[PDB]
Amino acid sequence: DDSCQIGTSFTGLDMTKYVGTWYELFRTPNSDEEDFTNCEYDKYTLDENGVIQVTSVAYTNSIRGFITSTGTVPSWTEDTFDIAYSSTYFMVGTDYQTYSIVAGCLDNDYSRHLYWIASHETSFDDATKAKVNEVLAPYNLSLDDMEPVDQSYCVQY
């Protein structure tokens, strides 16, 4: 409490290998994120001055438009990464190219944890899903314990 702590037994995190476009396929249901439903992905880009840049793109429904936000990831520990212009997120598990389970807290509510399951594809093959639950398991979560998110109005962007 008074800080966002989330279990994770991952290590060797390399935000450089996290570069790319990750589609949010499942997520812990929550208020601020309620609208976004037909397109939600984060894009990681490595600039030449070494900065890792991140752009969040989400298709809101109540505005038939897209919310586009950017930030840089200024640091990152063995299994943790921060986002700037502030917030700290735990890398629960990833293979840098198929699935990616990240997790943090929202606002000042360190009490409520949020899990985000992500991928480079726009959906999981029964193979991956297996693993994602293999990983989510230890915390008592499962892929069907959270809200799926579709990625289609994504090209409309």
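Position 1 is the first residue in the sequence shown; the rest follow in order.
Two stretches are in play, 122-130 and 31-39, and the higher mean C-alpha B-factor belongs to 122-130. Of the two stretches examined, 101-109 and 50-58, the record assigns the greater average C-alpha temperature factor to 101-109. Ranked within its chain, residue 77 lands in the lowest third, by CA B factor from the PDB record. Among all modelled residues in this chain, the alpha-carbon of residue 145 has a temperature factor (C-alpha) in the highest third.
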